[PDB]
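Have a look at the structure below before the remarks.
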Amino acid sequence: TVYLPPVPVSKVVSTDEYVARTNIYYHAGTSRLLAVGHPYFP
Amino acid sequence: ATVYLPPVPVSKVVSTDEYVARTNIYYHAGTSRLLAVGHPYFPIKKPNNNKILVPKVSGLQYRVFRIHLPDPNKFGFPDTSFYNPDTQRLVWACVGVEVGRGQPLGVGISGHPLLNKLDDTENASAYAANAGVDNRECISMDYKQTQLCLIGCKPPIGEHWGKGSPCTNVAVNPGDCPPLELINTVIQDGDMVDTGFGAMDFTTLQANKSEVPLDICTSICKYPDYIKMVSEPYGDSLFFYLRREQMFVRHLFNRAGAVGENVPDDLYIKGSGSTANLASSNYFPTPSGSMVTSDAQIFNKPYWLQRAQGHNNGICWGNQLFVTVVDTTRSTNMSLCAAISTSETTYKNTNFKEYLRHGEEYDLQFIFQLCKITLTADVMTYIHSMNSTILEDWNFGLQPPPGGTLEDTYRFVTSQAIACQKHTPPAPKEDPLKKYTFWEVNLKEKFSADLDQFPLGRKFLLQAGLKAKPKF
Amino acid sequence: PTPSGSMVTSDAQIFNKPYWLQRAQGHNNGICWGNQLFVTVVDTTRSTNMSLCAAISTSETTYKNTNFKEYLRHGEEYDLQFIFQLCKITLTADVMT
Amino acid sequence: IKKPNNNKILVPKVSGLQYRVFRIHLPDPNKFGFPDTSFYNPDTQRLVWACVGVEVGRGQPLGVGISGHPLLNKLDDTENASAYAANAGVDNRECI
Amino acid sequence: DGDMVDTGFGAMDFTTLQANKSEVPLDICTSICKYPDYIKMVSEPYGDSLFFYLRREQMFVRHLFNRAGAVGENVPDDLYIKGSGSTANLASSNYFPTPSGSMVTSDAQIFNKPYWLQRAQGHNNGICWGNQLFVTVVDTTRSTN
Amino acid sequence: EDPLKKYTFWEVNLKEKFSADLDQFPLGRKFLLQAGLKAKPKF
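Chains as they are written, first to last, in the entry's author numbering: chain X, 10 to 51; chain A, 9 to 480; chain E, 293 to 389; chain Z, 52 to 147; chain U, 197 to 341; chain F, 438 to 480.
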């Protein structure tokens with residue numbers, strides 16, 4: 010009952026509030042990734 | 009004569025959802041987090057002193073959680089007008105519960121440096137030798153994997169075997185078999201899960217002290233009795249729970265020592281030579297934990313509670329709420345070493361002391377629902393019937409002394425250096441269970457009025473539906 | 293062969309869960325004649341044998357296997373709760389017969 | 052367990068491996084007065100109990116027992132043998 | 197990057213707290229194995245740490261050993277009965293298990309399958325601020341040497 | 438009376454223990470819950 014009686018306006022909001030979704034979509038991607046190296050020590 | 013049946017005494021404990029009313033309001037509070045450190049096998053203390061240097065901690069130790077709530081009837085809200093503080097009260101209802109666990113998942117272990125053992129009974133190419141003196145060995149094993157959860161407004165009731173008073177006819181000689189007790193008791197923190205050796209006191213019934221690994225040797229492993237618990241009239245022990253456990257066999261051994269009772273010969277045929285002596289008859293299995301999985305984890309998942317086995321529906325009387333949680337999954341024991349001498353470059357076992365410390369990670373996030381109680385004739389009775397103390401922290405606002413008045417408090421002005429007695433101003437004690445020690449947390453400061461800002465709650469949203477709360 | 297029990301689980305427990313009889317392979321439907329009803333239950337899951345030891349002499353601090361007698365006792369725990377429905381029978385001769 | 056000379060049992064043999072039978076009497080309901088008994092005629096009829104549903108409570112913590120014998124008829128391990136076994140003696144039984 | 201998964205020895209620095217340097221296999225000996233705290237992470241008000249994840253792991257016991265060296269702290273005698281001769285000396289109390297990977301299956305693979313994300317635990321819904329997007333992926337399945 | 442009296446085995450007598458209300462018992466209310474129709478007095 011200590012900390013509750015004051016309350017001012019605060020509230021992170023769900024990003025979907027202000028954000029708007031458009032009609033367009035895209036893609037991109039790497040070709041591929043490849044790495045080689047010894048397991049135990051460099 | 010016996011059973012041909014008129015009579016009807018009982019007034020029938022009823023489902024709490026009868027008189028309780030559910031409000032529109034919901035709240036949350038949660039701890040930041042909890043973790044505990046410690047040594048798994050035994051507590052650390054100064055050798056001469058009785059004071060503990062390090063507390064004994066392991067996941068194998070049980071965990072109790074007591075949680076206080078502030079009295080909601082001291083609170084104030086936006087719309088507090090919706091009720092009358094005179095004819096009514098306010099009580100918290102516990103809608104849903106979460107158990108946070110962040111440790112990376114891995115298995116611990118235990119053993120004992122002197123373990124009563126004869127030999128390996130799984131395969132023997134020849135009859136064993138004769139029992140010497142103190143054949144006990146350094147051997148370890150893993151405990152059964154287990155997960156369980158307990159929630160309610162009354163402390164969890166466990167049970168164990170124990171030694172009671174033998175009926176007095178035959179005089180007990182040293183080494184006789186003591187008789188063996190079913191005992192209920194309150195569950196205390198720091199107590200130990202069963203190892204698959206069953207809930208009892210080894211200290212009393214096991215004189216060898218070597219029959220089990222360290223961690224449990226002194227303590228009393230106990231086990232929750234669902235039956236006795238659930239069959240409470242009010243269910244207020246626990247209104248909900250879950251359980252998971254599994255085990256399988258690994259090794260097969262013999263107790264080593266003087267045979268307490270010989271097998272009747274007719275159960276076998278007498279041997280001779282090496283076969284003249286009967287090998288130790290006692291076998292005990294080696295319990296072995298199995299592969300843990302991410303899947304069977306019972307934590308990190310929300311649990312909604314509406315209907316329960318008991319008539320209590322998530323009602324916390326006396327601003328009080330209980331959580332009992334036990335898991336072996338995180339039992340991992342990190343080992344570390346320090347160097348007493350950092351100079352020499354030739355490795356020497358004498359240079360490194362070895363230590364064992366253990367992590368314990370808990371988190372709590374609680375939904376709560378708000379509830380009011382109208383007072384009427386039966387109402388007060390029914391509660392006063394149920395438990396009267398619960399009432400007492402309310403106003404009632406009855407009465408106070410129509411149970412009775414204190415006749416007077418003799419208050420009599422003396423420097424105490426008169427010859428007149430001691431008088432010490434009394435009455436702190438509010439806890440009947442204060443004898444029982446266990447883990448403590450205070451939420452009282454932590455409530456908030458908006459679930460949006462919390463990770464857990466918006467699931468409350470998502471499940472129930474809607475946002476913010478005031479949008480159809 | 294050497295038969296071997298496998299890993300027990302909390303899941304496959306057949307107890308501590310209600311049952312609901314509607315149909316029975318026989319024509320008898322849950323009728324207990326002669327006020328008489330039978331239950332046969334067998335399980336190995338709780339077979340745990342607690343071992344204990346007593347000391348014939350509590351004095352010496354040097355342990356000796358001769359000092360302790362060994363005993364084996366074993367727990368068992370059952371519970372029963374039965375619903376019952378009440379039933380009447382009319383008569384005629386055929387039935388009586 | 053029994054007194055060694057006597058035939059009377061000191062302790063009864065008990066293990067989970069033992070079967071368990073449960074016999075349950077009920078009192079004859081036709082003797083049992085109902086809050087209203089009027090819905091039937093005790094002359095022309097009777098009353099018999101029907102068993103709708105059943106439960107089995109078990110409270111022990113779950114764990115596996117075990118058994119063996121100090122003299123067990125055995126020759127050798129047949130899972131792996133690097134050489135032919137020996138010749139059978141007298142009373143090779145083992146504790147397993 | 198380059199940091200090490202837990203081996204079942206827990207997230208810490210062995211270099212600092214283990215002087216012996218021999219208490220674990222090479223790969224982790226120098227580095228600090230770390231582990232993600234979902235709690236801490238999800239406690240972000242935004243979730244902008246992570247708005248999504250999945251996890252799978254399993255382990256079982258294999259062998260049981262002893263640390264070899266000077267006892268750091270003796271066990272209180274009252275926890276046992278003093279031996280004699282060979283039994284006069286208490287063998288090393290410290291045990292450590294041997295973690296063991298289990299059978300992999302094609303099924304449990306979390307990869308090579310599309311994952312749609314609409315609603316997330318944080319108020320961030322798949323929003324990438326600063327033209328910036330993060331992915332952290334770790335697996336043991338392909339570890340073949 | 439018992440023709441099987443030759444057959445010894447575990448015995449229990451319930452005859453005293455009947456009651457007319459599931460509600461007071463843990464198990465029963467499930468019977469109610471399953472078939473529904475929660476009928477209880479007012480308070």
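We put the beta carbon where it would ideally sit given N, CA and C, even for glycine.
Beta-carbon proximity of residue i to residue j, cut-off 7 Å
i	j	result
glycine 108/Z	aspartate 233/A	no
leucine 122/A	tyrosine 291/U	no
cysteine 428/A	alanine 101/A	no
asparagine 124/A	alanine 264/A	yes
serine 302/E	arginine 144/A	no
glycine 206/U	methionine 342/A	yes
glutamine 196/A	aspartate 335/A	no
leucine 470/A	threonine 95/A	no
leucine 126/A	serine 288/A	yes
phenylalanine 446/A	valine 72/A	yes
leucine 113/Z	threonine 337/E	yes
residue 485/A	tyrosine 70/A	Shown here, chain A extends from 9 to 480; a query on residue 485/A therefore has no answer.
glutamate 106/A	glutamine 373/A	yes
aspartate 25/X	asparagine 327/U	no
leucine 329/A	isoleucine 33/A	no
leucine 68/A	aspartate 223/A	yes
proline 295/U	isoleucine 117/A	no
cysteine 185/A	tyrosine 311/E	no
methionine 237/A	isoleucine 165/A	yes
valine 11/A	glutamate 453/F	yes
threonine 283/U	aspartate 142/A	yes
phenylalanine 261/U	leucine 313/U	no
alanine 266/A	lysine 361/E	yes
Cα-Cα separation, residue i to residue j
i	j	result
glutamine 254/U	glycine 297/U	7 Å
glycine 367/E	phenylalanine 83/Z	37 Å
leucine 77/A	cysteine 324/A	9 Å
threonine 226/A	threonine 212/A	9 Å
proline 478/A	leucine 459/A	13 Å
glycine 279/U	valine 257/U	31 Å
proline 272/A	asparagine 450/F	35 Å
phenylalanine 480/A	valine 16/X	25 Å
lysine 64/Z	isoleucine 52/Z	7 Å
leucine 42/X	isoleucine 306/U	18 Å
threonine 332/A	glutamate 369/A	14 Å
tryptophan 402/A	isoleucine 381/A	12 Å
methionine 149/A	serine 66/A	16 Å
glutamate 269/U	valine 62/A	12 Å
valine 45/X	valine 194/A	59 Å
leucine 250/A	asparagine 92/Z	49 Å
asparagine 308/A	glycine 473/A	21 Å
Residues that DSSP places opposite residue i in a beta bridge
i	result
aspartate 209/U	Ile228/U
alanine 266/A	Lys361/E
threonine 382/A	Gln96/A
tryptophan 312/U	Answer by DSSP bridge pairing: none, since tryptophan 312/U is not bridged.
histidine 76/A	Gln328/A and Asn450/A
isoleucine 323/E	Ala101/Z
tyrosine 34/A	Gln377/A
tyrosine 291/U	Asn262/U
Close Cβ partners of residue i (< 7 Å) along its chain, the five nearest in sequence each way excluded
i	result
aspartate 209/U	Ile228
Own chain, CB closer than 8 Å to residue i, minus 5 neighbours either side, in chain order
i	result
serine 456/A	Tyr35, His36, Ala37 and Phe462
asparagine 359/E	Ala347, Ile348, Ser349 and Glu352
Residue i: CB within 6 Å of a non-hydrogen atom of the ligand NAD
i	result
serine 349/E	This structure lacks the ligand NAD; in fact it carries no ligand of any kind.
Cβ-based neighbour list, residue i, same chain, cut-off 6 Å, excluding 5 preceding and 5 following
i	result
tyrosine 231/U	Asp202 and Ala207
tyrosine 49/A	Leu222 and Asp223
Worksheet item: Quick check: the region 313–328 of chain U against the region 213–223 of chain U, are there 3 or more CB pairs under 8 Å?
Response: Of all C-beta pairs linking the region 313–328 of chain U to the region 213–223 of chain U, fewer than three are shorter than 8 Å, placing the two stretches out of contact.
Worksheet item: Does the count of Cβ pairs from the region 119–139 of chain A and the region 348–361 of chain A closer than 8 Å reach three?
Response: no
Worksheet item: Below 8 Å, can you find three or more Cβ-Cβ pairs linking the region 82–102 of chain A to the region 239–247 of chain U?
Response: no
Worksheet item: Touch check for the region 56–75 of chain A and the region 411–418 of chain A: three-plus C-beta pairs under 8 Å?
Response: no
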